[PDB]
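Protein chains in written order, with PDB author numbering: chain C, 1036 to 1084; chain A, 2 to 210; chain P, 845 to 1043; chain H, 50 to 127; chain Z, 1193 to 1341. Step one of this worksheet: look at the structure below.
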Amino acid sequence: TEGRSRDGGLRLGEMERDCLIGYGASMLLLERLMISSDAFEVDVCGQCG
Amino acid sequence: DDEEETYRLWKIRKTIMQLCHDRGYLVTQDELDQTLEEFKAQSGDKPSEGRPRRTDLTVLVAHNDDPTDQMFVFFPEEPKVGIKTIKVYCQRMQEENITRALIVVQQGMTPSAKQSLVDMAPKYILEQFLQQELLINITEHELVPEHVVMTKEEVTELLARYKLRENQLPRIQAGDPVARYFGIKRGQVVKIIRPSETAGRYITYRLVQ
Amino acid sequence: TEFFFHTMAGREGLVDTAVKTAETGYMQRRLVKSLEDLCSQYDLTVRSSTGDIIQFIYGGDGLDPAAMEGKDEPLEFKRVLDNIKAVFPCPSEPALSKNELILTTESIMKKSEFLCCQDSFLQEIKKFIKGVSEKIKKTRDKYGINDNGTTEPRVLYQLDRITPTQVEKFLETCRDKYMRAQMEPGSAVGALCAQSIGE
Amino acid sequence: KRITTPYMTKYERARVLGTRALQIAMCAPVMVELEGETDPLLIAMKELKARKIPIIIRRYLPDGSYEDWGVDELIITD
Amino acid sequence: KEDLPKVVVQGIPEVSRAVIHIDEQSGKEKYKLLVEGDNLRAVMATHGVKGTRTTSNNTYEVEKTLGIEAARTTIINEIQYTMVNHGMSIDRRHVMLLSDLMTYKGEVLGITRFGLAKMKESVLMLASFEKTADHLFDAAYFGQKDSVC
Ligand SMILES: [Zn+2]
């Protein structure tokens, strides 16, 4: 959620997604942005796409 | 009159002939070391002789490998060259059976003539210029390095080394001055010899489009 | 009057701070958004996501700026030679003349491990050692210092004292440093370039 | 014959230590002896210094070829 | 009658002004010419000028007159010259890279929404940057596939 008034934690804007690439780390970026934050699972059909 | 104009004619002869020499076609040093005054001795005068054919050349056979390949050099005196003049020089080229023709015009080209200069004859090439461009040779400038055209075997060696496909190289375009300077047909590679802050020459290869 | 003029200048200085950073931000975003992809590979070329070459060799030399001790240069041989001199002040070894210097270095550089090095670097160290040889010649000449090692004022030999062990140590450490200044394959050169241009 | 550099890069150090830490966190076999250690990553750095790690990096060139190097066999440094 | 006085009679139509800059250093206390105008070809059309030693600050001018290689060197030169002119240091490798990127396509492609379209191919990074809906609809029109690369 948004911020302290409503329990939102922190925001990690674009300008830190840039420094993560700068260092070149990949598993850190992947974790921090999709594992920890909002990971989810979906289902697809290969035949139709 | 027009002392500058006479000097310009001298200098265009100088530069065009140096270019053709660098391209490998028949030229000799005694011709290269000609002087403006010697050129005056050869030619008449700007008012007395004019723009037409007085000291131009077509001796430029492919002395490099096979003189049968040759260039015309034409100096159309009209400021604007029209399609009919294109026909005149087309029949000149066809009659002489010469494969190439370097054309220089004073004040440019008509749209029909401009259009024709891309479709006149697939067998023939009639590279076009104006006197202004030829007043200097771009190769002499500081801001450009030397180049070489590479033969298919050398290209094969390079692409084998790094295991590329020619489309993966850097690009150069046919319209670039140096490209026209050497008449490089598209689908080729030239080596670039970049200077450096140290003796180490930077070498790199670039594909023409 | 002066107070008002001075405050007029102060606010003028103040007002640019945020605007300059706005323009800096729209440098940063649009740059890195275009240049972040470029990566440096194990063959040392720089290739796009489509795999097409951009630079045949990164940086013309394959060396990370993070290693340059000199002005965009990996070494300062004066400093290195002084450092090695200090740590190993062996008194037993003899002094060497220009001839000894050149023959000693030639005896060593011909080793293959050096031949694995960039030729340019080898030639440059050759020039450095040649220059120091010329200077030591100058010194011994100005004091006619006998190479036989027999003159009474032993101090005269301390002037430009160097020893073959020192030569070996200096050359090997130079090789070590040069080798460890290379860029490592996998590094994201584009992002670092973008931030370097932006900051 | 192998062409790539004989040193290990920063990134290889990072990923090998990371993956071996993940493994060691689970009940995978361990070789270096431990002085009351409790954290996976410390076990990882101990082994790496000991050159005990059971991993081979398969470097990839852009054209699909590859090399292999033994972690015990690369040049390592602090 | 009011129009005729404006007509050009002599000189370069495209030139605005020039000046003979003069120097005093011990190496040479001599003079040098500085020009403002946007036809580099024109000035070298003259006798007297050492045309082989000319230079135009404009990138497009050099590209037009000398070719892409001169344009590339001028880009690196100008970035570095402006930066030191202020007083910054920046390792030359970074700026060398950035120089080549702009010109690998056989043409100087600036960092712009137009340059980006002419330089990248994948869809999402276009859609993320600018002109999103236009790119999206045109992509659906073309039926473009897109790899996750
Ligand atoms: Zn389905």
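Positions of the beta carbon are idealized from the N, C-alpha and C atoms, including for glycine.
Member of the options whose CA lies at the smallest distance from the CA of residue i
| i | options | result |
| --- | --- | --- |
| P196 (chain A) | Z:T1324, Z:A1262, Z:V1227 and Z:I1303 | Z:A1262 |
| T53 (chain H) | H:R62, H:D121, H:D127 and H:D117 | H:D117 |
| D23 (chain A) | A:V179, A:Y206, A:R166 and A:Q189 | A:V179 |
| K1256 (chain Z) | A:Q210, A:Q174 and A:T205 | A:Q174 |
| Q962 (chain P) | P:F847, P:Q1026, P:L947 and P:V1033 | P:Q1026 |
| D905 (chain P) | P:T894, P:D896 and P:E917 | P:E917 |
| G1243 (chain Z) | A:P68, A:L170 and A:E141 | A:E141 |
| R984 (chain P) | P:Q1010, P:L966, P:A930 and P:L940 | P:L940 |
| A200 (chain A) | P:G975, P:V1033, P:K986 and P:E968 | P:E968 |
| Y870 (chain P) | Z:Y1333, Z:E1322 and Z:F1329 | Z:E1322 |
| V931 (chain P) | P:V890, P:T1007 and P:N990 | P:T1007 |
| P53 (chain A) | A:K41, A:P77 and A:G45 | A:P77 |
| residue 1 (chain A) | P:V863, P:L1000, P:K1021 and P:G895 | Past the boundaries of the shown model lies residue 1 (chain A); chain A is included only from 2 to 210, so the question cannot be answered. |
| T1251 (chain Z) | Z:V1241, Z:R1264, Z:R1245 and Z:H1239 | Z:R1264 |
| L888 (chain P) | P:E846, P:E856 and P:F900 | P:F900 |
| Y163 (chain A) | H:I125, H:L91, H:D112 and H:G85 | H:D112 |
| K1312 (chain Z) | P:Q872, P:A862 and P:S893 | P:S893 |
| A99 (chain H) | H:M75, H:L83 and H:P55 | H:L83 |
Proximity below 8 Å, CB of residue i to CB of residue j
| i | j | result |
| --- | --- | --- |
| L1036 (chain P) | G1057 (chain C) | yes |
| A122 (chain A) | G83 (chain A) | no |
| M110 (chain A) | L103 (chain A) | no |
| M1294 (chain Z) | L136 (chain A) | no |
| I952 (chain P) | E1028 (chain P) | no |
| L10 (chain A) | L61 (chain A) | no |
| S884 (chain P) | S1031 (chain P) | yes |
| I194 (chain A) | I185 (chain A) | no |
| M57 (chain H) | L123 (chain H) | yes |
| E79 (chain A) | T69 (chain A) | no |
| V190 (chain A) | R172 (chain A) | no |
| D3 (chain A) | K41 (chain A) | no |
| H1286 (chain Z) | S1040 (chain P) | yes |
| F1014 (chain P) | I928 (chain P) | yes |
| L1308 (chain Z) | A1319 (chain Z) | no |
| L879 (chain P) | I898 (chain P) | no |
Rounded C-alpha distance that separates residue i from residue j
| i | j | result |
| --- | --- | --- |
| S1281 (chain Z) | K981 (chain P) | 39 Å |
| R998 (chain P) | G914 (chain P) | 36 Å |
| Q129 (chain A) | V106 (chain A) | 8 Å |
| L1065 (chain C) | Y60 (chain H) | 16 Å |
| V65 (chain H) | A77 (chain H) | 15 Å |
| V89 (chain A) | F73 (chain A) | 13 Å |
| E155 (chain A) | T949 (chain P) | 38 Å |
| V1211 (chain Z) | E1228 (chain Z) | 9 Å |
| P89 (chain H) | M1050 (chain C) | 32 Å |
| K1224 (chain Z) | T1247 (chain Z) | 13 Å |
| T68 (chain H) | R107 (chain H) | 15 Å |
| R55 (chain A) | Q132 (chain A) | 15 Å |
| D121 (chain H) | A866 (chain P) | 51 Å |
| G993 (chain P) | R923 (chain P) | 28 Å |
| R1245 (chain Z) | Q108 (chain A) | 26 Å |
| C1083 (chain C) | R1039 (chain C) | 44 Å |
| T851 (chain P) | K864 (chain P) | 21 Å |
| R873 (chain P) | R1305 (chain Z) | 12 Å |
| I1204 (chain Z) | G857 (chain P) | 42 Å |
| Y902 (chain P) | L919 (chain P) | 20 Å |
Bridge-paired residues (DSSP) for residue i
| i | result |
| --- | --- |
| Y1022 (chain P) | Note: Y1022 (chain P) sits in no beta bridge, so no partner. |
| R101 (chain A) | A:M72 and A:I126 |
| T205 (chain A) | A:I193 |
| residue 795 (chain P) | With chain P covering 845 to 1043 only, the question about residue 795 (chain P) has no answer from this structure. |
| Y56 (chain H) | H:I124 |
| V82 (chain A) | A:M110 |
| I106 (chain H) | H:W118 |
| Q899 (chain P) | P:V890 |
Residue i: contacting residues in chain E (beta-carbon distance under 7 Å)
| i | result |
| --- | --- |
| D860 (chain P) | Among the chains of the structure shown, chain E does not appear; the protein chains present are C, A, P, H and Z. |
Checklist entry - In chain order, which continuous runs of the beta strand (DSSP E) of length 3 or greater are located wholly inside the segment 1206 to 1281 of chain Z? => result 1207 to 1214 and 1223 to 1229
Next on the checklist: Which runs of the alpha helix (DSSP H) at least 4 residues long sit entirely within the segment 939 to 977 of chain P? Give them in chain order.
Outcome noted: 942 to 953 and 956 to 959
Next on the checklist: My parser needs the alpha helix (DSSP H) runs of 4 or more residues fully inside the segment 907 to 942 of chain P; what are they?
Outcome noted: 921 to 931
Item to check | beta strand (DSSP E) segments (min. 3 residues) lying fully within the segment 114 to 194 of chain A | outcome: 129 to 131 and 147 to 150
Checklist entry - Residue ranges of each alpha helix (DSSP H) run of no fewer than 4 residues wholly in the segment 4 to 75 of chain A, ordered along the chain? => result 4 to 23, 30 to 33, 37 to 43 and 47 to 50
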